[PDB]
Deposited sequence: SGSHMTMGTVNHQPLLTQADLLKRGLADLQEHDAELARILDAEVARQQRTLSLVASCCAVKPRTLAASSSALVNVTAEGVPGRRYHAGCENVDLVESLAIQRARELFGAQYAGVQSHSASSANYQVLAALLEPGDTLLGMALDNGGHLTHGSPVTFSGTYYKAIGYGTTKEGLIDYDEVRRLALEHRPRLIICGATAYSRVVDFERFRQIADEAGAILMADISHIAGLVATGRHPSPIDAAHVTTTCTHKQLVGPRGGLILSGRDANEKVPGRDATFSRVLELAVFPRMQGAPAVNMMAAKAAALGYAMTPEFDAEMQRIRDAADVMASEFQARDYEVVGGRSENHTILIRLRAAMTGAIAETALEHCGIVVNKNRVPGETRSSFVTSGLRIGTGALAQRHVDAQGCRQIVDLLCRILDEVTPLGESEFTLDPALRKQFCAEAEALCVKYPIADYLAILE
């Protein structure tokens, strides 16, 4: 009875055709646009099919979809506990934070204590240690968004276990690599793990609460296991979650994760061969942070690059002398490129186009620039040509 949705598409085509033009135009736009932004990805069509189930009209099938997602999350991540009802990863974090209430909290950036990065582009774990032994936090939150290196969840847990703290990990940005083993997992390192289904699991907007070896071990104080306390925080997106969790166990997802992982290495190496500095000097994960030219600001780069059809994200660089709104670097993720099945040659072509656009941009201040309209049109056509040579495969 998938006829329901197919003939539902037919109702839109006949009666709401205006709306259907915009729906068709976005699919084309997402496919004529080159996307190197780290956490943007196109959700797999199967997951889009489950997101429009008749389970919106809501009952034992609502528990079946829930039980299937819980089982699938536990297999993918090796979780002894799993919770799947979060409508966002932000909610998954706050729900855990609410279950665990005491002023002390250490986080990367309640009485919030903050840590950051070393002046050379790494998490200052020794600062995490010093802050933990001083303020005796309730939990320490680990997990970074723009980091280009493997987060040592084991190190964080060593620090926490000497400061009597709980370790929470947001693996939202590296979830697929953690699931496929390419990135070390925090499932047993962290007491509790949170993740987003959409970013790197190519699924719906939502959240997963997970725990491993500490799931049935007692919370520090409060005479309960981590599984209870988390579960005492009590849908279409359930169906889509289970679809995404299922595809994430397929070998096709393992390949997409290696392509994320391959493209990161060739692109970072190709930036270096053009004397553009990658801050880690290497790429682990799906992200490459490039330190931008002397007069080039990250704000100028992203605005000019989008006008040429490439979307990238400005990011702070180690030793940043500039504002947050106007940076000195940019961040690129190989996520949506893996969905485009870009070979090593294509990744080198993208670095070529990107570095060529920047060499033609004459910065005027820190958020203004000049790019000759003709050169912009020519660059925008090279980008769309690369989009055609490497299309989004599952969208075809």
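*Asks:* Where are the gaps relative to the deposited sequence?
*Replies:* Those parts of the chain that were deposited but carry no coordinates are 1-17, 76-88, 140-160, 286-294, 457-460.
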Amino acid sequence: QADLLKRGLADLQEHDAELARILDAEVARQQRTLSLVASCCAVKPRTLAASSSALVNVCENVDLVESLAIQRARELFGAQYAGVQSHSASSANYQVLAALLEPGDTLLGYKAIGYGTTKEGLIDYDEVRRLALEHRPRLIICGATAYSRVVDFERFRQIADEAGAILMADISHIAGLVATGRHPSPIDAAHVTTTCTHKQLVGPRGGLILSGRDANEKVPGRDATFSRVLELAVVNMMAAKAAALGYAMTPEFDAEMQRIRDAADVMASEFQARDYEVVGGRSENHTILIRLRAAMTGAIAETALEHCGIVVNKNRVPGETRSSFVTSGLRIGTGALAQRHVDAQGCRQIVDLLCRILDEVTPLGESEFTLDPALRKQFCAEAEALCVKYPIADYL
From here on, numbers count along this sequence of modelled residues.
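*Asks:* Once you work out the mean C-alpha B-factor for both 125-133 and 216-224 from the entry, which is higher?
*Replies:* The stretch with the larger average C-alpha B-factor is 216-224.
*Asks:* Select between 339-347 and 60-68 the stretch whose C-alpha atoms have the higher average B-factor in the entry.
*Replies:* Mean CA B-factor is higher for 60-68.
*Asks:* For the listed residues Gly298, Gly116, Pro184, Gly207, which one has the largest C-alpha B-factor as given in the deposited model?
*Replies:* Among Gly298, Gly116, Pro184, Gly207, the highest C-alpha B-factor in the entry belongs to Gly116.
*Asks:* Looking at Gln258, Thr287, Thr193, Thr145, which has the highest CA B-factor as recorded?
*Replies:* The listed residue with the largest C-alpha B-factor is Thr145.
*Asks:* Taking only the Cα B-factors deposited for this chain, tell me whether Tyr276 sits in the lowest, middle or highest third.
*Replies:* Lowest third, going by the recorded CA B-factors of the chain.
*Asks:* Which third of the chain holds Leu354 when residues are ordered by C-alpha B factor: lowest, middle or highest?
*Replies:* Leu354: CA B-factor falls in the lowest third of its chain.
*Asks:* Going by the CA temperature factor in the PDB record, which third of the chain does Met267 belong to: lowest, middle or highest?
*Replies:* It falls in the bottom third of the chain.
*Asks:* Could you place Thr370 in the lowest, middle or highest third of its chain by Cα temperature factor, using the values in the record?
*Replies:* Its C-alpha B-factor, which the entry lists for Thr370, ranks in the middle third among residues of this chain.
*Asks:* Which third of the chain does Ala54 land in by C-alpha B-factor: lowest, middle or highest?
*Replies:* Within its chain, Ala54 is a highest-third residue by C-alpha B-factor, going by the deposited values.
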